[PDB]
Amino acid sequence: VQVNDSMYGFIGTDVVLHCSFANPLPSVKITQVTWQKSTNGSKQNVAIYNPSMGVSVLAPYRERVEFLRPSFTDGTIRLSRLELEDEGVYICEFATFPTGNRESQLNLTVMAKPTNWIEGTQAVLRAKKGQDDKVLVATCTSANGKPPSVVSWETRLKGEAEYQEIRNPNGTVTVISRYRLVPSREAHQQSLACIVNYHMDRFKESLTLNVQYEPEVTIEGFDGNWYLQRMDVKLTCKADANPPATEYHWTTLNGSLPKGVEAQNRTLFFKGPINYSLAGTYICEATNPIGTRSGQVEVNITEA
């Protein structure tokens, strides 16, 4: 807010801090050029150039700071292998005689690319008719970023995202987003993508939900013409269920399974000539670990 000059560089990288003495006169003799850092209400010395005694660099900076082209007018330095603790205000001061000192300051901000990942829930997801609880389904994390990234979601699911930002000791910020929804049949196998944006980079990872649900039964095998005397036709029970259906049981809307119709393993075979007596509604009851549910087909018997 007091400084008009700001530098930014990523952890690990080098930045060039500039300082020049604008308007040299024959009168002004430049006595010494001093870089200092302040975190604020410390000033501490960084590097010095004296035209007559040479260059000094103080620790911690002994291997990381060096003047580019030391001169009566130039005290530009390079700071290498940038570290988070390098953040601060850097002051460059030209000591001159008899004209006094001149200084210029700048801000150094150190940036860090975050580490991003999506991880799904470790629970099993059940669609139950009872619970209307919003359950955790995926977590997207952007850790150790600086400045903080922006997290968001891309999905067709109707759910709720919570956000949490944590300032770490080192000044980086971890962003966490939790996606919660109420598990339903329509949610199964739906894609859920986590998007993370940092200084215009774009991370994206996807999950596919796995939601358990009780069976949704349909019966296939009845075409238009189950005409009289026709033989060897059958119905198959299609149980849409997660996990898959374990047991099957056939029955009719007019009592138990008749003679001339026997059930094995989810297909109902009608052995022998067809007759009017077999017309009716046939039912299949499929069972999985979640529950039992049923489906039917109206079977009318033709004459062709």
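Residue numbers here begin at 1 and follow the sequence given.
Higher average CA B factor: 197-205, of the stretches 197-205 and 87-95. The mean C-alpha temperature factor is higher for 124-132 when 106-114 and 124-132 are set side by side. Considering 44, 31, 251, 40 together, the PDB entry gives 40 the largest C-alpha B factor.
Which of 212, 225, 101, 174 has the largest Cα B-factor in the deposited entry comes down to 225. Sort the chain's modelled residues by C-alpha temperature factor and residue 10 lands in the lowest third, per the entry.
In the deposited entry, the Cα temperature factor of residue 190 places it in the middle third of its chain's modelled residues. Ranked by Cα temperature factor within the chain, residue 148 sits in the lowest third according to the deposited record.
In the PDB entry, residue 231 places in the highest third of its chain by CA B-factor.
Per the deposited record, the Cα B-factor of residue 154 falls in the middle third when ranked against the other modelled residues of its chain.
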